[PDB]
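protein_25.pdb follows; it contains PDB, C-alpha atoms.
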```pdb
ATOM      1  CA  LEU A   1     106.040 122.036 105.683
ATOM      2  CA  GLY A   2     109.694 123.116 105.357
ATOM      3  CA  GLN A   3     108.730 123.992 101.807
ATOM      4  CA  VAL A   4     105.260 125.433 102.365
ATOM      5  CA  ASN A   5     106.885 127.778 104.904
ATOM      6  CA  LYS A   6     108.514 130.138 102.491
ATOM      7  CA  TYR A   7     104.930 131.098 101.460
ATOM      8  CA  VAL A   8     102.832 130.429 104.547
ATOM      9  CA  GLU A   9     104.685 130.877 107.883
ATOM     10  CA  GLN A  10     104.051 127.830 109.976
ATOM     11  CA  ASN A  11     103.570 127.315 113.715
ATOM     12  CA  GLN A  12     107.298 127.508 114.290
ATOM     13  CA  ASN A  13     106.804 126.118 117.735
ATOM     14  CA  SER A  14     105.127 123.005 116.409
ATOM     15  CA  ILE A  15     107.674 122.511 113.620
ATOM     16  CA  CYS A  16     110.247 122.586 116.403
ATOM     17  CA  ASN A  17     108.297 120.025 118.411
ATOM     18  CA  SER A  18     107.868 117.624 115.536
ATOM     19  CA  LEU A  19     111.521 117.880 114.502
ATOM     20  CA  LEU A  20     112.308 117.080 118.109
ATOM     21  CA  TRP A  21     110.009 114.071 118.086
ATOM     22  CA  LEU A  22     111.795 112.491 115.152
ATOM     23  CA  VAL A  23     115.300 112.959 116.315
ATOM     24  CA  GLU A  24     114.868 112.615 120.046
ATOM     25  CA  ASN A  25     113.490 109.104 119.969
ATOM     26  CA  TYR A  26     113.956 107.551 116.539
ATOM     27  CA  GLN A  27     117.640 107.841 115.771
ATOM     28  CA  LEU A  28     119.896 104.889 116.587
ATOM     29  CA  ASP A  29     123.411 105.059 118.005
ATOM     30  CA  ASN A  30     124.834 104.814 114.481
ATOM     31  CA  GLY A  31     122.717 107.668 113.140
ATOM     32  CA  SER A  32     120.272 105.740 110.951
ATOM     33  CA  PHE A  33     116.601 106.162 111.623
ATOM     34  CA  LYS A  34     113.960 103.601 112.538
ATOM     35  CA  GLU A  35     110.227 103.210 112.118
ATOM     36  CA  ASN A  36     107.844 103.364 115.058
ATOM     37  CA  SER A  37     104.655 102.128 113.371
ATOM     38  CA  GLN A  38     104.163  99.096 111.204
ATOM     39  CA  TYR A  39     103.509 100.970 107.964
ATOM     40  CA  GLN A  40     106.068 100.082 105.299
ATOM     41  CA  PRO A  41     106.005 102.649 102.562
ATOM     42  CA  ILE A  42     108.292 100.741 100.196
ATOM     43  CA  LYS A  43     109.563  97.246  99.612
ATOM     44  CA  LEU A  44     113.090  96.827  98.363
ATOM     45  CA  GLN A  45     115.336  94.475  96.537
ATOM     46  CA  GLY A  46     116.951  92.340  99.208
ATOM     47  CA  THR A  47     117.385  89.088 101.175
ATOM     48  CA  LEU A  48     115.609  88.823 104.546
ATOM     49  CA  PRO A  49     118.570  90.844 106.122
ATOM     50  CA  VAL A  50     120.006  92.917 103.255
ATOM     51  CA  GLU A  51     116.393  93.999 102.846
ATOM     52  CA  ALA A  52     116.077  95.720 106.171
ATOM     53  CA  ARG A  53     119.664  96.768 105.777
ATOM     54  CA  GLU A  54     118.543  98.774 102.755
ATOM     55  CA  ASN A  55     115.313  99.914 104.314
ATOM     56  CA  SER A  56     117.292 101.613 107.084
ATOM     57  CA  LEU A  57     119.265 103.467 104.472
ATOM     58  CA  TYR A  58     115.861 104.457 103.014
ATOM     59  CA  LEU A  59     114.258 105.830 106.146
ATOM     60  CA  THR A  60     117.488 107.551 107.032
ATOM     61  CA  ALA A  61     117.990 109.490 103.823
ATOM     62  CA  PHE A  62     114.242 110.116 103.673
ATOM     63  CA  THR A  63     113.928 111.787 107.045
ATOM     64  CA  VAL A  64     117.279 113.577 106.443
ATOM     65  CA  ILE A  65     115.186 115.113 103.706
ATOM     66  CA  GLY A  66     112.124 116.305 105.586
ATOM     67  CA  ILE A  67     114.326 117.454 108.441
ATOM     68  CA  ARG A  68     116.653 119.254 106.121
ATOM     69  CA  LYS A  69     113.773 121.082 104.488
ATOM     70  CA  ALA A  70     112.246 122.112 107.789
ATOM     71  CA  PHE A  71     115.479 122.904 109.619
ATOM     72  CA  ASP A  72     115.633 126.551 108.699
ATOM     73  CA  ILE A  73     112.564 126.993 110.794
ATOM     74  CA  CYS A  74     114.184 125.523 113.819
ATOM     75  CA  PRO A  75     117.998 125.214 113.737
ATOM     76  CA  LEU A  76     117.980 123.885 117.237
ATOM     77  CA  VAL A  77     121.503 122.633 117.700
ATOM     78  CA  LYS A  78     119.999 119.516 119.223
ATOM     79  CA  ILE A  79     118.761 118.599 115.690
ATOM     80  CA  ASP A  80     121.592 120.037 113.741
ATOM     81  CA  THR A  81     123.671 117.489 115.642
ATOM     82  CA  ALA A  82     121.181 114.791 114.677
ATOM     83  CA  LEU A  83     121.651 115.764 111.026
ATOM     84  CA  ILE A  84     125.361 115.176 111.370
ATOM     85  CA  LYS A  85     125.097 111.911 113.308
ATOM     86  CA  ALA A  86     122.734 110.550 110.615
ATOM     87  CA  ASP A  87     124.437 112.071 107.522
ATOM     88  CA  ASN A  88     127.498 110.258 108.708
ATOM     89  CA  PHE A  89     125.438 107.103 108.568
ATOM     90  CA  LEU A  90     124.597 107.803 104.948
ATOM     91  CA  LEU A  91     128.237 108.378 104.177
ATOM     92  CA  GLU A  92     129.927 105.506 106.005
ATOM     93  CA  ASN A  93     127.262 103.086 104.740
ATOM     94  CA  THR A  94     125.596 103.935 101.392
ATOM     95  CA  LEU A  95     128.596 103.384  99.255
ATOM     96  CA  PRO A  96     128.957  99.635  98.789
ATOM     97  CA  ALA A  97     126.127 100.368  96.344
ATOM     98  CA  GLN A  98     123.237  98.066  97.197
ATOM     99  CA  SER A  99     120.670  99.400  94.737
ATOM    100  CA  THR A 100     119.868 102.410  92.603
ATOM    101  CA  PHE A 101     116.844 103.517  94.596
ATOM    102  CA  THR A 102     119.012 103.548  97.636
ATOM    103  CA  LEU A 103     121.767 105.351  95.781
ATOM    104  CA  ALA A 104     119.562 108.072  94.329
ATOM    105  CA  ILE A 105     117.656 108.982  97.527
ATOM    106  CA  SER A 106     120.791 108.812  99.636
ATOM    107  CA  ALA A 107     122.325 111.178  97.097
ATOM    108  CA  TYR A 108     119.556 113.769  97.200
ATOM    109  CA  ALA A 109     119.481 113.654 100.964
ATOM    110  CA  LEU A 110     123.181 114.245 101.379
ATOM    111  CA  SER A 111     123.087 116.801  98.571
ATOM    112  CA  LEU A 112     120.809 118.928 100.679
ATOM    113  CA  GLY A 113     123.876 120.043 102.679
ATOM    114  CA  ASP A 114     127.665 119.926 102.230
ATOM    115  CA  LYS A 115     127.980 118.975  98.584
ATOM    116  CA  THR A 116     131.719 118.967  99.400
ATOM    117  CA  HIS A 117     132.081 115.712 101.249
ATOM    118  CA  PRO A 118     134.509 113.453  99.412
ATOM    119  CA  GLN A 119     132.283 110.477 100.245
ATOM    120  CA  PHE A 120     129.272 112.314  98.802
ATOM    121  CA  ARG A 121     131.093 113.090  95.607
ATOM    122  CA  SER A 122     131.935 109.360  95.467
ATOM    123  CA  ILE A 123     128.269 108.334  95.900
ATOM    124  CA  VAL A 124     127.522 110.796  93.104
ATOM    125  CA  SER A 125     130.029 109.513  90.550
ATOM    126  CA  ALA A 126     128.581 106.180  91.740
ATOM    127  CA  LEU A 127     125.101 107.294  90.717
ATOM    128  CA  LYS A 128     126.197 108.723  87.365
ATOM    129  CA  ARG A 129     127.811 105.349  86.617
ATOM    130  CA  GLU A 130     124.255 103.950  86.636
ATOM    131  CA  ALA A 131     122.768 106.517  84.335
ATOM    132  CA  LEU A 132     120.910 104.751  81.549
ATOM    133  CA  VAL A 133     120.714 106.654  78.271
ATOM    134  CA  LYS A 134     119.437 106.720  74.713
ATOM    135  CA  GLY A 135     120.274 108.339  71.399
ATOM    136  CA  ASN A 136     123.714 109.770  70.789
ATOM    137  CA  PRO A 137     124.238 112.515  71.703
ATOM    138  CA  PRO A 138     122.123 111.618  74.786
ATOM    139  CA  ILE A 139     118.493 112.680  74.375
ATOM    140  CA  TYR A 140     116.805 110.513  77.006
ATOM    141  CA  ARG A 141     118.509 109.802  80.309
ATOM    142  CA  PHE A 142     117.166 108.187  83.429
ATOM    143  CA  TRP A 143     117.789 105.565  86.175
ATOM    144  CA  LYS A 144     116.098 102.247  87.036
ATOM    145  CA  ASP A 145     116.462  99.778  89.828
ATOM    146  CA  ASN A 146     119.533  98.017  88.453
ATOM    147  CA  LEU A 147     121.710  97.068  91.363
ATOM    148  CA  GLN A 148     123.776  94.277  89.693
ATOM    149  CA  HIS A 149     122.806  93.291  86.113
ATOM    150  CA  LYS A 150     121.614  96.336  84.150
ATOM    151  CA  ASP A 151     119.457  95.495  81.137
ATOM    152  CA  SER A 152     119.523  99.058  79.868
ATOM    153  CA  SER A 153     116.023  98.728  78.482
ATOM    154  CA  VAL A 154     113.411 101.505  78.296
ATOM    155  CA  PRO A 155     110.186  99.474  78.427
ATOM    156  CA  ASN A 156     107.203 101.706  77.480
ATOM    157  CA  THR A 157     106.260 100.709  80.997
ATOM    158  CA  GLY A 158     108.027 103.308  83.098
ATOM    159  CA  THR A 159     107.806 102.428  86.773
ATOM    160  CA  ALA A 160     106.893 104.620  89.624
ATOM    161  CA  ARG A 161     110.002 103.491  91.432
ATOM    162  CA  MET A 162     111.727 104.491  88.216
ATOM    163  CA  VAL A 163     110.543 108.065  88.172
ATOM    164  CA  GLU A 164     111.190 108.283  91.909
ATOM    165  CA  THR A 165     114.823 107.310  91.481
ATOM    166  CA  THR A 166     115.550 109.295  88.305
ATOM    167  CA  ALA A 167     114.002 112.217  90.206
ATOM    168  CA  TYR A 168     116.018 111.950  93.371
ATOM    169  CA  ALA A 169     118.879 111.999  90.873
ATOM    170  CA  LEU A 170     117.456 114.962  88.949
ATOM    171  CA  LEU A 171     117.351 116.813  92.236
ATOM    172  CA  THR A 172     120.857 115.835  93.322
ATOM    173  CA  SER A 173     122.049 117.241  90.067
ATOM    174  CA  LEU A 174     119.973 120.460  90.309
ATOM    175  CA  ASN A 175     121.429 121.110  93.781
ATOM    176  CA  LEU A 176     124.770 120.493  92.105
ATOM    177  CA  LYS A 177     123.858 122.935  89.266
ATOM    178  CA  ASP A 178     124.898 120.330  86.676
ATOM    179  CA  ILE A 179     122.390 121.834  84.238
ATOM    180  CA  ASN A 180     123.766 120.042  81.151
ATOM    181  CA  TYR A 181     123.748 116.545  82.582
ATOM    182  CA  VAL A 182     120.131 117.220  83.307
ATOM    183  CA  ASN A 183     118.263 117.933  80.047
ATOM    184  CA  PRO A 184     118.326 114.380  78.763
ATOM    185  CA  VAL A 185     116.604 113.778  82.022
ATOM    186  CA  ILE A 186     113.863 116.403  82.197
ATOM    187  CA  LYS A 187     113.101 115.453  78.575
ATOM    188  CA  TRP A 188     112.459 111.952  79.884
ATOM    189  CA  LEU A 189     110.414 113.215  82.806
ATOM    190  CA  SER A 190     108.423 115.883  81.022
ATOM    191  CA  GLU A 191     107.501 113.267  78.458
ATOM    192  CA  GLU A 192     106.533 110.733  81.133
ATOM    193  CA  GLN A 193     104.178 112.730  83.301
ATOM    194  CA  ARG A 194     100.485 112.287  82.473
ATOM    195  CA  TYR A 195      98.521 115.562  81.990
ATOM    196  CA  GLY A 196      97.628 116.671  85.452
ATOM    197  CA  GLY A 197     100.174 115.355  87.920
ATOM    198  CA  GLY A 198     102.831 112.655  87.665
ATOM    199  CA  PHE A 199     100.999 109.430  87.055
ATOM    200  CA  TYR A 200     102.598 106.528  88.919
ATOM    201  CA  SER A 201     101.966 106.578  92.720
ATOM    202  CA  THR A 202     102.499 109.657  94.951
ATOM    203  CA  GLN A 203     106.095 109.584  96.118
ATOM    204  CA  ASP A 204     107.519 109.846  92.604
ATOM    205  CA  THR A 205     104.988 112.493  91.670
ATOM    206  CA  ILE A 206     106.084 115.005  94.218
ATOM    207  CA  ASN A 207     109.832 114.523  93.693
ATOM    208  CA  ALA A 208     109.298 114.844  89.953
ATOM    209  CA  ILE A 209     107.196 117.947  90.104
ATOM    210  CA  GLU A 210     109.802 119.385  92.495
ATOM    211  CA  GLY A 211     112.396 118.609  89.933
ATOM    212  CA  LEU A 212     110.660 119.954  86.824
ATOM    213  CA  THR A 213     109.843 123.136  88.711
ATOM    214  CA  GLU A 214     113.029 123.982  90.534
ATOM    215  CA  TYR A 215     114.538 123.388  87.106
ATOM    216  CA  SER A 216     112.053 125.525  85.185
ATOM    217  CA  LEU A 217     113.082 128.435  87.433
ATOM    218  CA  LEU A 218     116.735 127.403  87.341
ATOM    219  CA  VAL A 219     117.226 127.630  83.561
ATOM    220  CA  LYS A 220     116.841 130.871  81.695
ATOM    221  CA  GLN A 221     113.103 130.908  81.004
ATOM    222  CA  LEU A 222     112.323 131.146  77.271
ATOM    223  CA  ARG A 223     109.644 133.221  75.539
ATOM    224  CA  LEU A 224     106.683 131.348  74.026
ATOM    225  CA  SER A 225     106.073 131.770  70.230
ATOM    226  CA  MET A 226     105.246 128.211  69.161
ATOM    227  CA  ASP A 227     102.915 127.567  66.287
ATOM    228  CA  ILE A 228     101.524 124.284  67.491
ATOM    229  CA  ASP A 229      99.605 122.270  64.939
ATOM    230  CA  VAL A 230      97.855 118.962  65.287
ATOM    231  CA  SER A 231      96.365 116.877  62.417
ATOM    232  CA  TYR A 232      95.189 113.300  61.859
ATOM    233  CA  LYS A 233      97.555 111.237  59.691
ATOM    234  CA  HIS A 234      95.165 110.766  56.775
ATOM    235  CA  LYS A 235      91.848 112.117  57.890
ATOM    236  CA  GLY A 236      92.014 115.904  57.976
ATOM    237  CA  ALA A 237      93.525 118.441  60.300
ATOM    238  CA  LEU A 238      92.128 118.934  63.794
ATOM    239  CA  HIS A 239      92.643 122.025  65.922
ATOM    240  CA  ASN A 240      95.829 123.978  66.163
ATOM    241  CA  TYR A 241      97.012 126.879  68.261
ATOM    242  CA  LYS A 242      99.470 129.712  68.476
ATOM    243  CA  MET A 243     101.204 129.492  71.798
ATOM    244  CA  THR A 244     102.231 132.591  73.732
ATOM    245  CA  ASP A 245     102.448 133.717  77.329
ATOM    246  CA  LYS A 246      98.727 134.335  77.270
ATOM    247  CA  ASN A 247      97.768 131.254  75.304
ATOM    248  CA  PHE A 248      99.341 128.139  76.822
ATOM    249  CA  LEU A 249      97.238 126.093  79.262
ATOM    250  CA  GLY A 250      94.815 125.785  76.315
ATOM    251  CA  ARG A 251      91.703 123.609  76.098
ATOM    252  CA  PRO A 252      92.252 119.792  76.110
ATOM    253  CA  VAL A 253      90.722 118.593  72.874
ATOM    254  CA  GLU A 254      88.768 115.393  72.154
ATOM    255  CA  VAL A 255      90.309 113.153  69.522
ATOM    256  CA  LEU A 256      87.187 111.922  67.727
ATOM    257  CA  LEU A 257      88.269 110.013  64.637
ATOM    258  CA  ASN A 258      89.902 106.617  64.531
ATOM    259  CA  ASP A 259      93.190 107.695  62.969
ATOM    260  CA  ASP A 260      96.793 108.479  63.848
ATOM    261  CA  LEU A 261      97.939 111.777  65.369
ATOM    262  CA  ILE A 262     100.435 114.278  64.036
ATOM    263  CA  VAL A 263     101.654 117.141  66.179
ATOM    264  CA  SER A 264     104.126 119.270  64.304
ATOM    265  CA  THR A 265     105.213 122.850  64.965
ATOM    266  CA  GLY A 266     106.477 125.820  62.978
ATOM    267  CA  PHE A 267     109.691 127.670  63.399
ATOM    268  CA  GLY A 268     108.995 129.904  66.366
ATOM    269  CA  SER A 269     110.343 128.984  69.817
ATOM    270  CA  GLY A 270     109.652 128.308  73.479
ATOM    271  CA  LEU A 271     108.877 124.932  75.026
ATOM    272  CA  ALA A 272     105.704 122.903  74.922
ATOM    273  CA  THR A 273     104.176 119.690  76.236
ATOM    274  CA  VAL A 274     101.895 117.488  74.241
ATOM    275  CA  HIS A 275     100.591 114.448  76.128
ATOM    276  CA  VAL A 276      97.735 112.395  74.876
ATOM    277  CA  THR A 277      96.230 110.116  77.354
ATOM    278  CA  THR A 278      94.203 107.253  75.918
ATOM    279  CA  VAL A 279      91.674 104.873  77.378
ATOM    280  CA  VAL A 280      89.841 101.701  76.493
ATOM    281  CA  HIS A 281      88.431  98.456  77.897
ATOM    282  CA  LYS A 282      89.952  95.100  77.329
ATOM    283  CA  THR A 283      87.752  92.115  78.025
ATOM    284  CA  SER A 284      90.506  90.286  79.775
ATOM    285  CA  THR A 285      93.582  90.219  81.977
ATOM    286  CA  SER A 286      95.072  86.967  80.709
ATOM    287  CA  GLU A 287      97.710  89.123  79.065
ATOM    288  CA  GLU A 288      98.575  91.295  82.079
ATOM    289  CA  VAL A 289     101.548  90.946  84.482
ATOM    290  CA  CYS A 290     100.021  89.315  87.579
ATOM    291  CA  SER A 291     101.909  90.287  90.771
ATOM    292  CA  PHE A 292      99.455  88.924  93.318
ATOM    293  CA  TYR A 293      97.887  85.583  93.863
ATOM    294  CA  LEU A 294      94.246  86.584  93.836
ATOM    295  CA  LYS A 295      91.060  84.700  94.538
ATOM    296  CA  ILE A 296      87.577  85.720  95.518
ATOM    297  CA  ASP A 297      83.954  84.641  95.723
ATOM    298  CA  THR A 298      80.440  84.570  97.045
ATOM    299  CA  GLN A 299      78.919  82.403  99.811
ATOM    300  CA  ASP A 300      76.112  82.312 102.401
ATOM    301  CA  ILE A 301      75.726  82.116 106.153
ATOM    302  CA  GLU A 302      73.304  81.967 109.125
ATOM    303  CA  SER A 303      68.833  83.368 108.857
ATOM    304  CA  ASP A 304      70.353  83.892 105.382
ATOM    305  CA  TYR A 305      72.749  86.564 103.980
ATOM    306  CA  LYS A 306      75.213  86.662 101.025
ATOM    307  CA  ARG A 307      78.894  87.355 101.625
ATOM    308  CA  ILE A 308      81.978  88.124  99.526
ATOM    309  CA  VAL A 309      85.372  86.786 100.553
ATOM    310  CA  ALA A 310      88.389  88.132  98.726
ATOM    311  CA  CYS A 311      92.009  87.288  99.219
ATOM    312  CA  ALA A 312      95.570  87.913  98.312
ATOM    313  CA  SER A 313      99.172  86.929  98.507
ATOM    314  CA  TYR A 314     102.150  88.697  97.160
ATOM    315  CA  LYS A 315     104.078  87.629  94.088
ATOM    316  CA  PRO A 316     107.595  88.815  95.039
ATOM    317  CA  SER A 317     110.021  89.410  92.177
ATOM    318  CA  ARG A 318     113.417  87.745  91.792
ATOM    319  CA  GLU A 319     115.293  89.985  94.174
ATOM    320  CA  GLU A 320     112.391  90.503  96.569
ATOM    321  CA  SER A 321     112.008  88.496  99.791
ATOM    322  CA  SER A 322     109.436  86.423 101.702
ATOM    323  CA  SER A 323     108.514  89.514 103.756
ATOM    324  CA  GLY A 324     105.370  90.279 101.832
ATOM    325  CA  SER A 325     104.391  93.587 100.278
ATOM    326  CA  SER A 326     104.239  97.255 101.058
ATOM    327  CA  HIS A 327     101.317  99.534 101.789
ATOM    328  CA  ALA A 328      98.678  98.194  99.483
ATOM    329  CA  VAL A 329      95.128  98.579  98.272
ATOM    330  CA  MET A 330      92.379  96.141  97.422
ATOM    331  CA  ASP A 331      89.608  97.452  95.190
ATOM    332  CA  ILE A 332      86.514  95.414  94.700
ATOM    333  CA  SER A 333      84.014  96.832  92.173
ATOM    334  CA  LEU A 334      80.720  95.511  93.278
ATOM    335  CA  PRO A 335      78.283  93.922  90.883
ATOM    336  CA  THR A 336      75.883  96.491  89.584
TER
END
```
Please, can you express the file's structure as structure tokens?
Amino acid sequence: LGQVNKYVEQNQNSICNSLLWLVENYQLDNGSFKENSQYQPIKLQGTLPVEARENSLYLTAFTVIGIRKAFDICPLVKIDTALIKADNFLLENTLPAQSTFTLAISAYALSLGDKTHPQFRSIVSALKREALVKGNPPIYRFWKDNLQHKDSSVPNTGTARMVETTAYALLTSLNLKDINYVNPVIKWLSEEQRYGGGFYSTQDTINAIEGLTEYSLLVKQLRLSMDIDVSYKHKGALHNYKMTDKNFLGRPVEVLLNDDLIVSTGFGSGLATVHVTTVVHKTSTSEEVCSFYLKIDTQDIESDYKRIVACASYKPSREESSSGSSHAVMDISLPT
């Protein structure tokens, strides 16, 4: 809402109320926030305690975010004071760096106001220390969930949580106006997103998009004169297009022929995205990275009726804990 406002004035009164409902009754004596419901959005690297200990950091920075977007609708001093009480929680506590997803979000959150706090600057140098890179000079730059070890890999994978972090970081740096430090990063985002949104989950998607955009208005927008061409590696050329500020957006083309792809472009200038999403059907999952003990099957009952029974349990990674999983989905394609 605090964002949608600048284009569609919102029920200020309600925004006020809601803001008041967060802060009035869900802020502890230390400033951190706390969840009412049972819903756990994320699951974080930690031991039975350290876990929650992180989680609290999470919720805190998170809400500091919503609140600090909305606030200009409702600068009630009651809530400005909340901001402070809880920003202080981020500062006094984030720094013994417990994990990069913590770090990054914390960072953005703080970065929404008073980019001058010494402690904040510390948590920022403390983020940059975790930057993973590639190619020298840096061409690709992004963050992972490294806490302690740091295998500076790049696995073609690309995790939601990954884009989420590298995005909270992209944002921290855009609110810092660090424009240079940032290209290696939007070149790693831009290239990640699938055509349409932002691929992995939801949370990353929106922080990404916010990044990419706020950026695309932040830099000095370039004029489009690209001579995009696309051709199969051996089999002939397929379509190709000039690219101007009346062209781009162009039709998504079907790759028909079983043969490699070759997108080159002429001299010209501007910026352009080529993603090529591809789809197929394996016969098997043997290969895949199972993260859930799964089992299922068909029975009977009393009278006579057939019944499915499907189950799960969570395969928790090294750092994870016995807590179980986060908000999750079970999808059960039914026999034709």
(message) Calculated over all atoms listed in the file, which of the candidates A:206, A:330, A:137, A:317 has the smallest distance to residue A:43?
(response) A:317
Can you check which parts of stretch 203-310 of chain A lie within 10 Å of stretch 183-197 of chain A? Per residue, the shortest pair of atoms and distance in Å to one decimal, counting only C-alpha atoms, sorted by chain and number, as CSV.
```
residue,atom,partner,partner_atom,distance
A:205,CA,A:197,CA,6.7
A:206,CA,A:197,CA,8.6
A:208,CA,A:189,CA,7.4
A:209,CA,A:197,CA,7.8
A:211,CA,A:186,CA,8.2
A:212,CA,A:186,CA,6.7
A:215,CA,A:186,CA,8.6
A:216,CA,A:186,CA,9.8
A:252,CA,A:195,CA,9.6
A:272,CA,A:190,CA,9.7
A:273,CA,A:190,CA,7.4
A:274,CA,A:191,CA,8.2
A:275,CA,A:195,CA,6.3
A:276,CA,A:195,CA,7.8
A:277,CA,A:194,CA,7.0
```
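For the residues A:284, A:228, A:321, A:154, ranking by smallest atom-to-atom distance to residue A:50 using all atoms listed in the file places A:321 first.
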Find the residues with any atom within 12 Å of (126.2, 111.7, 107.7); use only C-alpha atoms and the coordinates as given in the file, and write the answer as a PDB file with C-alpha atoms, in the frame of the given file.
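Here's the written file out.pdb:
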```pdb
ATOM      1  CA  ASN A  30     124.834 104.814 114.481  1.00  0.00           C
ATOM      2  CA  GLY A  31     122.717 107.668 113.140  1.00  0.00           C
ATOM      3  CA  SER A  32     120.272 105.740 110.951  1.00  0.00           C
ATOM      4  CA  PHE A  33     116.601 106.162 111.623  1.00  0.00           C
ATOM      5  CA  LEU A  57     119.265 103.467 104.472  1.00  0.00           C
ATOM      6  CA  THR A  60     117.488 107.551 107.032  1.00  0.00           C
ATOM      7  CA  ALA A  61     117.990 109.490 103.823  1.00  0.00           C
ATOM      8  CA  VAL A  64     117.279 113.577 106.443  1.00  0.00           C
ATOM      9  CA  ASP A  80     121.592 120.037 113.741  1.00  0.00           C
ATOM     10  CA  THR A  81     123.671 117.489 115.642  1.00  0.00           C
ATOM     11  CA  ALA A  82     121.181 114.791 114.677  1.00  0.00           C
ATOM     12  CA  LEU A  83     121.651 115.764 111.026  1.00  0.00           C
ATOM     13  CA  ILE A  84     125.361 115.176 111.370  1.00  0.00           C
ATOM     14  CA  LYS A  85     125.097 111.911 113.308  1.00  0.00           C
ATOM     15  CA  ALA A  86     122.734 110.550 110.615  1.00  0.00           C
ATOM     16  CA  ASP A  87     124.437 112.071 107.522  1.00  0.00           C
ATOM     17  CA  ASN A  88     127.498 110.258 108.708  1.00  0.00           C
ATOM     18  CA  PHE A  89     125.438 107.103 108.568  1.00  0.00           C
ATOM     19  CA  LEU A  90     124.597 107.803 104.948  1.00  0.00           C
ATOM     20  CA  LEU A  91     128.237 108.378 104.177  1.00  0.00           C
ATOM     21  CA  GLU A  92     129.927 105.506 106.005  1.00  0.00           C
ATOM     22  CA  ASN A  93     127.262 103.086 104.740  1.00  0.00           C
ATOM     23  CA  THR A  94     125.596 103.935 101.392  1.00  0.00           C
ATOM     24  CA  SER A 106     120.791 108.812  99.636  1.00  0.00           C
ATOM     25  CA  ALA A 107     122.325 111.178  97.097  1.00  0.00           C
ATOM     26  CA  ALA A 109     119.481 113.654 100.964  1.00  0.00           C
ATOM     27  CA  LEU A 110     123.181 114.245 101.379  1.00  0.00           C
ATOM     28  CA  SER A 111     123.087 116.801  98.571  1.00  0.00           C
ATOM     29  CA  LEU A 112     120.809 118.928 100.679  1.00  0.00           C
ATOM     30  CA  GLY A 113     123.876 120.043 102.679  1.00  0.00           C
ATOM     31  CA  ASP A 114     127.665 119.926 102.230  1.00  0.00           C
ATOM     32  CA  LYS A 115     127.980 118.975  98.584  1.00  0.00           C
ATOM     33  CA  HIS A 117     132.081 115.712 101.249  1.00  0.00           C
ATOM     34  CA  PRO A 118     134.509 113.453  99.412  1.00  0.00           C
ATOM     35  CA  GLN A 119     132.283 110.477 100.245  1.00  0.00           C
ATOM     36  CA  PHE A 120     129.272 112.314  98.802  1.00  0.00           C
TER      37      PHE A 120
END
```
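Taking atom CA of residue A:28 as the reference point, atom CA of residue A:65 is found at 17.1 Å.
Here atom CA of residue A:163 and atom CA of residue A:45 stand 16.7 Å from one another.
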(message) Taking 6 positions as the minimum chain separation for residues in the same chain, which residues sit within 10 Å of stretch 37-41 of chain A when counting only C-alpha atoms? Answer as a PyMOL selection string.
(response) chain A and resi 55+59+203+325-328
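Counting only C-alpha atoms and comparing A:174, A:256, A:77, A:290, the residue that lies closest to residue A:217 is A:174.
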(message) Using Å and a single decimal, report how far atom CA of residue A:201 sits from atom CA of residue A:100.
(response) 18.4 Å
(request) Step by step, work through what the PyMOL selection byres ((chain A and resi 16-19) around 8) selects in the shown file, and finish by giving those residues as a ChimeraX atom specification. (result) /A:12-15,20-23,67,70,73-74,76,79
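Using only C-alpha atoms for every distance, the candidate list A:47, A:222, A:8, A:299 yields A:47 as the residue closest to residue A:319.
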(message) Could you check the closest approach to residue A:62 for each of A:133, A:262, A:105, A:219 and tell me which residue wins, using only C-alpha atoms?
(response) A:105
